[PDB]
Amino acid sequence: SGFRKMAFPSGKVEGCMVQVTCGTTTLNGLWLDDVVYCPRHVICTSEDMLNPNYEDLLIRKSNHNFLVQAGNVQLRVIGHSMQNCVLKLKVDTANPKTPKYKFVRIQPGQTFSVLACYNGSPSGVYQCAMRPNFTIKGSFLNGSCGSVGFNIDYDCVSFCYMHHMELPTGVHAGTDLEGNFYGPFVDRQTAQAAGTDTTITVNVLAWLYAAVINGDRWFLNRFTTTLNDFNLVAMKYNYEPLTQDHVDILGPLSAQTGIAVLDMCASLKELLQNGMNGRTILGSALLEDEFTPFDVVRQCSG
Amino acid sequence: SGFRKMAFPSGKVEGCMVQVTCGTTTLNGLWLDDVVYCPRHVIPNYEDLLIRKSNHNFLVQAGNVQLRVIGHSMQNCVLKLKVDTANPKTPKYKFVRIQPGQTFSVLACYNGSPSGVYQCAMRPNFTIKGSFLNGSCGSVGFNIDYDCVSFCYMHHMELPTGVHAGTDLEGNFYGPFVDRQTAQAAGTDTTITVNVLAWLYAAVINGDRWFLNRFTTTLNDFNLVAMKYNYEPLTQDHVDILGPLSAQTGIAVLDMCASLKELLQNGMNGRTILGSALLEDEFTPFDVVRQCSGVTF
Ligand SMILES: CN1CCc2ccc(Cl)cc2[C@@H]1C(=O)Nc1cncc2ccccc12
Ligand SMILES: [Cl-]
C-alpha cells in the first residue's frame with residue numbers, strides 16, 4: 001500500500017554526469033560512450049544570447065576551448081558537432097559507467113525523473129511530467145543547464161529531456177537528447193511565454209484508479225457519462241480533452257478495479273463541480289496529474 | 001525556481017542492494033563491506049530460529065552473483081550476514097538513528113533490484129507514509145552528507161492503515177512496533193510544525209507571499225494554537241534552526257508563525273502554496289536551504 005511520487009533510481013545517470021566549461025559558462029553534460037551531450041548555449045557570451053548564430057559561434061571554436069570534467073578527471077575533446085540545440089563533444093575516453101540507453105522523445109503528459117546537477121555533480125532527483133504546454137515544472141537554479149530527464153524501464157535508461165532554460169513564470173523548457181525543443185521555444189533570451197497550462201486528464205483518472213486500489217472510494221458515484229459530455233465539462237475546468245486512446249489506455253485499471261473509464265469520468269466531473277469538501281485523495285487536497293496510467297500500474301503491481 | 005519533493009541521488013545505495021532468500025522468504029539486504037544487513041523476519045523466538053539455521057540456508061544474490069555466507073549474527077531486529085566478499089561498491093557510510101520530523105530518501109527494492117526512489121519524513125508517530133508492496137522488506141532510507149551515506153532506515157512492515165514501520169541500521173525499531181504479525185496500530189499522527197514553517201519560507205523564496213501578514217506571536221501563544229490543530233510543539237531549537245531562512249527572507253520566525261496561525265484558523269480559501277492546497281510538512285529547514293541554494297553530491 002501507499003502512493004508516493006516516485007522517481008527512478010538515479011545511479012545509472014549519475015555515472016554519466018560531467019561538467020562542461022566553454023569560456024566563462026559552466027553547465028552539465030551527459031557522457032555516454034565517447035560523446036558528451038550538452039546544451040549548445042554553452043558557447044554563448046553576454047551579447048550572444050538575444051540573437052545568437054550558433055553555427056557562426058561554433059565555427060570559431062576549437063576542441064581545446066571546451067573543458068570537460070568527469071569527477072576530478074579532465075576529458076580531452078577530440079571533436080565537436082551540433083545537432084539542433086544540443087552540442088555533441090567527441091571525447092578521447094568512452095565512459096565506463098555508460099549504461100544501456102536510448103534517446104526517446106516524449107509526448108505531453110508523460111512522466112520522467114530529473115537528476116538535477118550543478119557543475120557536473122548530481123544534487124537531487126525528482127519526478128515530473130511534460131506539461132500539455134510543453135514546459136516542465138522543475139526545481140532548477142542557475143547552473144542546472146544540461147540536467148537530464150529519464151525513465152529507467154527494466155535495465156535501459158531512456159533519456160528524454162535535457163534542461164536548457166527557465167521561462168519568466170518559473171517553468172522550465174528543454175529539448176529531447178537530439179536537441180529538438182519541446183514546445184515553441186528557442187534557445188534565445190527573446191520574449192518567450194509558456195502557453196496556458198491545462199490539467200492532464202488521463203493522468204488524473206489514472207491517479208483516481210490508484211486511489212481506488214488503495215481503498216479510497218468516497219469520490220465514486222452512480223453516474224456514467226458520454227466521452228463528449230465529459231470533454232465539454234473538462235474543457236471548462238482547463239482539463240485536456242480525453243481521447244479514445246486515453247480510454248483504451250485506462251482499460252487495465254478499469255478491469256482491475258471494476259469501474260468503467262466513463263464511470264470514473266463521472267467521478268471526476270463531480271469532483272470538478274464539488275471540490276473535495278475537506279477530504280483528501282491519496283493524501284492530497286488537489287487532483288494529481290503527474291502519474292501516468294503506466295506509473296499507476298507499475299507502482300500498484302510491480 | 002521551483003520546489004519539488006526531492007530525494008538524494010540513489011547511486012551510492014544502489015551498489016549495496018542485494019537479494020536475500022531464506023527458505024520461502026525473499027527480501028532485500030544492504031551489502032556494506034563483507035556484511036549483508038537485512039530484517040531478521042527473513043528467517044517468534046528469533047534466537048531459537050537463528051540457531052537452527054546454517055550459513056548455506058541464506059542465499060544472497062548481488063546481481064547475477066551468488067555471495068557465499070560465512071557467518072550470521074543478530075543485532076536487535078536486523079540480521080547480519082557475514083559474506084566472503086567485501087562489496088567493491090561500498091561507499092563512505094555511517095549508521096545514524098534519526099528523530100521524528102527528519103527526512104530521508106527511500107530506495108524501494110524488490111528482489112535486490114532498486115525500482116524507485118522517493119523522499120519521506122519520519123512521522124512524529126514513528127511511522128513513514130511510504131510506498132511499498134510485498135518484497136520491499138529490507139529497502140533502506142538514507143541521507144547524503146558530502147560524500148558519506150548516512151543509513152537511517154530499514155523497512156520491515158506495513159501497518160493496517162497502509163503506513164510503514166521499520167528500524168535504524170542497528171535493528172532498533174522507530175516507534176512502539178515489534179516485528180511480528182499481531183495487533184499493532186500507529187499512534188495519532190501530528191503535523192511537523194518546524195517543517196511546515198520551513199516550507200512556508202521556501203514558498204516566500206519562490207515568490208508566494210499571499211499568506212504573509214503584519215502580525216507576530218509569542219512562542220507560547222503559537223504552541224497553544226498549534227496543539228489545538230494536532231501540530232507538534234515548536235521549540236526554541238526550531239526557531240533557531242529557522243534562523244537562516246528568517247534572515248534570507250526578512251520574515252522573523254514568530255512572524256511566519258502568525259501566518260501559520262492564520263492559515264490554521266482560516267484555511268487557504270481556494271488558494272495554493274507551492275502548488276499545494278495543504279500545508280506540507282515533509283521538507284526540513286535543511287532541505288529548504290539545500291534546494292534553494294544548490295548543494296551537490
Ligand atoms: C542562465 N541563462 C539565463 C538566460 C537564458 C536564456 C536562454 C537560454 Cl537557452 C538559457 C538561459 C539560461 C537559463 O535560463 N538558465 C537557467 C535554467 N534553469 C533554471 C534557472 C534559474 C535561474 C536562472 C537561470 C536558470
Ligand atoms: Cl510519451
Side-chain angles (χ1 to χ4, degrees), chain A residues 1-4 214-215 280 283, chain B residues 25 27-30 37-50 73-80 94-109 118-143 150-196 223 226-235 237-238 281-282 284:
Chain A
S1 230
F3 213 68
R4 273 273 183 208
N214 272 95
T280 63
Chain B
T25 306
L27 42 68
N28 313 286
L30 186 65
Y37 300 84
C38 78
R40 78 187 173 159
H41 66 74
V42 69
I43 72 193
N45 192 318
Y46 288 101
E47 170 204 359
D48 172 61
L49 298 169
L50 189 56
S73 89
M74 177 171 288
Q75 186 185 3
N76 309 301
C77 305
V78 149
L79 181 64
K80 298 197 274 191
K94 289 176 297 262
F95 284 170
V96 309
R97 182 177 178 85
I98 62 162
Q99 262 172 16
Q102 299 184 351
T103 61
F104 57 100
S105 302
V106 174
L107 181 62
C109 310
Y118 62 85
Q119 188 71 4
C120 74
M122 175 62 56
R123 303 303 310 167
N125 72 357
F126 291 108
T127 76
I128 90 171
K129 287 175 176 172
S131 188
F132 294 116
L133 303 177
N134 206 357
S136 55
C137 306
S139 293
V140 298
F142 67 99
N143 282 284
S150 290
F151 291 102
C152 64
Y153 179 85
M154 173 164 278
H155 177 67
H156 281 67
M157 59 187 208
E158 182 173 292
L159 301 180
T161 52
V163 300
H164 301 101
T167 72
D168 55 28
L169 264 295
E170 303 189 335
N172 304 278
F173 254 95
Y174 283 101
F177 305 113
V178 299
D179 58 345
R180 53 169 151 109
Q181 170 50 35
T182 198
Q184 302 191 74
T188 287
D189 205 18
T190 55
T191 305
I192 312 157
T193 314
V194 63
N195 287 13
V196 175
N223 286 328
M227 181 173 287
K228 172 185 165 180
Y229 292 91
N230 250 48
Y231 267 62
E232 276 297 297
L234 193 80
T235 72
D237 193 36
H238 292 150
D281 74 343
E282 303 207 352
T284 68

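Chain identifiers are assigned alphabetically (A, B, ...) following the order of the sequence lines, protein sequences preceding nucleic acid strands; residue numbering begins at 1 within each chain. Scope of the values below: all heavy atoms of this structure, side chains included, with no hydrogens, waters or symmetry mates.
- Panel note: side chain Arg123(B), backbone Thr190(B); a donor-acceptor pair is recorded below 3.5 Å.
- Interatomic distance, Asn195(B) CG to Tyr231(B) OH, rounded to the nearest 0.5 Å: 10.5 Å.
- Remark: aromatic rings of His156(B) and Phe173(B) are close, center separation under 6.0 Å.
- Looking only at side-chain heavy atoms (C-beta outward), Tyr46(B) and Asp179(B) come within less than 4.5 Å of each other.
- Residues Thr284(B) and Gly101(B) share a closest heavy-atom pair of CG2-O, 3.4 Å.
- Taking all atoms of both residues into account, the shortest heavy-atom contact from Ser150(B) to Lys94(B) is OG-CE, 3.2 Å.
- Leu234(B) places a side-chain heavy atom less than 4.5 Å from the side chain of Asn223(B).
- Ring orientation note: the planes of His155(B) and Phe132(B) are close to parallel, at an angle under 30° on the 30°/60° scale.
- By the 4.5 Å heavy-atom criterion applied to side chains, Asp189(B) and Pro124(B) are counted as neighbours.
- The shortest distance between side-chain heavy atoms of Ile128(B) and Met122(B) falls below 4.5 Å.
- Donor-acceptor pairing under 3.5 Å is recorded for the side chains of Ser1(A) and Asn214(A).
- Ring planes of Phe142(B) and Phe151(B): tilted class, angle from 30 to 60°.
- A donor-acceptor distance shorter than 3.5 angstrom exists from the side chain of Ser139(B) to the backbone of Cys109(B), with no hydrogens or angles considered.
- A distance of 8.5 Å separates SG of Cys152(B) from CD of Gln102(B), quoted to the nearest 0.5 Å.
- Residue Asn45(B) places its CG atom among more than 12 non-hydrogen atoms of other residues, nucleotides or ligands, all under 6.0 Å distant.
- Annotation for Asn76(B) and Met74(B): closest pair O-CG, 3.4 Å, computed over non-hydrogen atoms.
- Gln119(B) places none of its side-chain heavy atoms less than 4.5 Å from the side chain of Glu282(B).
- When all heavy atoms are compared, the tightest approach of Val106(B) to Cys120(B) is CG2-SG, 3.7 Å.
- Residues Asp237(B) and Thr235(B) bring no donor and acceptor atom of their side chains to less than 3.5 Å of each other.
- Side-chain contact between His41(B) and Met157(B) is absent, with no heavy atoms from C-beta onward closer than 4.5 Å.
- Counting heavy atoms from C-beta on, the side chains of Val96(B) and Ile98(B) come closer than 4.5 Å.
- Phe104(B) pairs with exactly one of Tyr118(B), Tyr153(B), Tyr174(B) by the ring-ring contact (aromatic ring centres under 6.0 Å, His included) rule, that one being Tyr153(B).
- Summarising the geometry of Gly135(B) relative to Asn28(B), their closest heavy-atom pair is O-ND2, 3.0 Å, with the distance given to 0.1 Å.
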Contacts table for residues 160-169 of chain B: side-chain donor-acceptor under 3.5 angstrom, sequence neighbours left out:
from	atom 1	to	atom 2	distance (Å)
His164(B)	ND1	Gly130(B)	N	3.2
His164(B)	NE2	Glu158(B)	OE1	3.0
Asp168(B)	OD1	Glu170(B)	N	3.0
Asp168(B)	OD1	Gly171(B)	N	3.2
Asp168(B)	OD1	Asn172(B)	N	3.0
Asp168(B)	OD1	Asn172(B)	ND2	3.4
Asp168(B)	OD2	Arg97(B)	NH1	2.9

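- With a 4.5 Å cut-off on side-chain heavy atoms, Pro44(B) and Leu49(B) count as touching.
- The two residues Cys38(B) and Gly29(B) come nearest to each other via the heavy atoms CB-CA, 4.0 Å.
- Note: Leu50(B) CG to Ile43(B) CD1 = 5.0 Å, rounded to the nearest 0.5 Å.
- Judged as a side-chain hydrogen bond (donor to acceptor under 3.5 Å, both in side chains), and not counting sequence neighbours, the contacts of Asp48(B) are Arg52(B).
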